[PDB]
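Index from 1, following the sequence.
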Amino acid sequence: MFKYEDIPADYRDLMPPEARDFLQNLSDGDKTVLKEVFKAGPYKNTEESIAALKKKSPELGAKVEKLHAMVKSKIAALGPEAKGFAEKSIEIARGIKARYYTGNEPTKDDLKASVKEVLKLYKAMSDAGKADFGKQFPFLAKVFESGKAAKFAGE
Ligand SMILES: CCCCCCCCCCCCCCCC(=O)O
Ligand SMILES: CCCCCCCCCCCCCCCC(=O)O
């Protein structure tokens with residue numbers, strides 16, 4: 001059973017507050033249902049994974065759906081470069097998440113390595129790409145721009 005404390009506090013500080021509060025709120029039952037849905041995967045896409053979740057839990061399914069629709073609409077407003085970055089960042093974050101469901105949770109060095117890559121991809125974008133991303137994701141843009149992500153990653 002995954003516990004919120006399993007994630008280092010300084011990595012949780014890099015996550016947007018809505019994502020942090022979603023995870024912090026999880027009951028023991030919520031975590032069982034998330035793990036069972038993940039284990040009954042893989043799925044065609046995120047939407048199919050959420051539909052399977054809603055079947056087990058209309059309430060947790062609706063909570064996940066609300067977060068997902070907000071992220072999906074923010075990505076839809078991006079130009080091709082910032083969309084590519086956001087989608088690659090999500091793929092990296094999902095691989096980290098997969099490790100908390102399956103055996104052997106990521107180490108702090110594994111998390112530092114994932115942030116280091118996401119930051120590198122952020123820095124690889126043009127200024128127009130960074131500005132486009134920042135308009136939709138101001139918390140994450142600030143984590144990158146302030147040096148907060150670099151401090152965690154170690155560099
Ligand atoms: C990241 C916001 C939550 C998104 C919806 C799925 C939540 C269930 C995940 C449980 C395992 C915790 C994973 C922590 C690492 C990470 O979120 O990147
Ligand atoms: C069952 C938990 C999964 C919910 C994850 C919600 C937070 C991440 C949102 C990013 C969506 C990316 C676009 C959809 C791509 C796809 O369907 O493969």
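- When every heavy atom of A153 is checked against every heavy atom of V115, the shortest pair comes out as CB-CG1, 4.4 Å.
- Proximity of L26 to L34: side-chain heavy atoms (C-beta onward) are separated by under 4.5 Å at one or more points.
- Between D30 and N25, every side-chain heavy-atom pair lies at or beyond the 4.5 Å cut-off.
- Following chains of ILVMFWY side-chain contacts shorter than 4.5 Å, one can reach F139 starting from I96, so the two form part of one hydrophobic cluster.
- More than 12 heavy atoms of other residues, nucleotides or ligands shown are found within 6.0 angstrom of NZ on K123.
- Applying the ring-ring contact (aromatic ring centres under 6.0 Å, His included) test to pairs two or more places apart or on separate chains, those with a residue in residues 5-41 are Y11-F152, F38-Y101.
- Legend: side-chain hydrogen bond (donor to acceptor under 3.5 Å, both in side chains) pairs involving residues 137-152, not counting sequence neighbours, sorted by first then second residue: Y122-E145.
- Side-chain contact between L78 and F85: absent, with no pair of heavy atoms (C-beta onward) separated by less than 4.5 Å.
- The shortest non-hydrogen separation linking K74 to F137 is CB-CZ, 3.6 Å.
- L23 has its side chain within reach of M15: a pair of non-hydrogen atoms, C-beta onward, lies under 4.5 Å apart.
- With a 4.5 Å cut-off on side-chain heavy atoms, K108 and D10 count as touching.
- Heavy-atom neighbours of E59 CD from other residues, nucleotides or ligands within 6.0 Å: at or below the threshold of 12.
- Heavy atoms only, all atoms of each residue included: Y43 and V37 are closest at OH-O, 2.7 Å.
- A donor-acceptor contact shorter than 3.5 Å is absent between the side chain of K88 and the backbone of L121.
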Check: residues 46-56 side-chain donor-acceptor pairs under 3.5 Å, at least two apart:
from : atom 1 : to  : atom 2 : distance (Å)
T46  : OG1    : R94 : NH1    : 3.3
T46  : OG1    : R94 : NH2    : 3.4
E47  : OE2    : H68 : NE2    : 2.8
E47  : OE2    : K72 : NZ     : 2.8
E48  : OE2    : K44 : N      : 3.1
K54  : NZ     : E65 : OE1    : 3.3
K56  : NZ     : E36 : OE1    : 2.8

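- Within a 6.0 Å sphere centred on CG of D6, other residues, nucleotides and ligands contribute more than 12 heavy atoms.
- Hydrophobic clustering, with ILVMFWY side chains joined whenever heavy atoms are under 4.5 angstrom apart, groups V64 together with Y4.
- Salt-bridge annotation for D110 and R99: present, with a side-chain N of the basic residue lying under 4.0 Å from a carboxylate O of the acidic one.
- Taking the side chain as every heavy atom from C-beta outward, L119 and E155 approach each other to under 4.5 Å.
- Separating the CG atom in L140 from the OG atom in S89 is a distance of 8.5 Å, to the nearest 0.5 Å.
- Shown here for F133 and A141, the closest heavy-atom pair between the two residues is CE2-N, 3.9 Å.
- The nearest pair of heavy atoms linking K3 to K31 is CA-NZ, 3.9 Å.
- Interatomic distance, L14 CG to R20 CZ, rounded to the nearest 0.5 Å: 9.0 Å.
- Checking side-chain atoms of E81 against main-chain N and O of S126 turns up a donor-acceptor pair under 3.5 Å.
- Side-chain contact between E18 and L67 is present, with heavy atoms from C-beta onward closer than 4.5 Å.
- Taking each heavy atom of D132 and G79 in turn, the nearest pair found is OD2-N, 2.7 Å.
- Between the side chain of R12 and the main chain of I7, a donor-acceptor pair closer than 3.5 Å is present.
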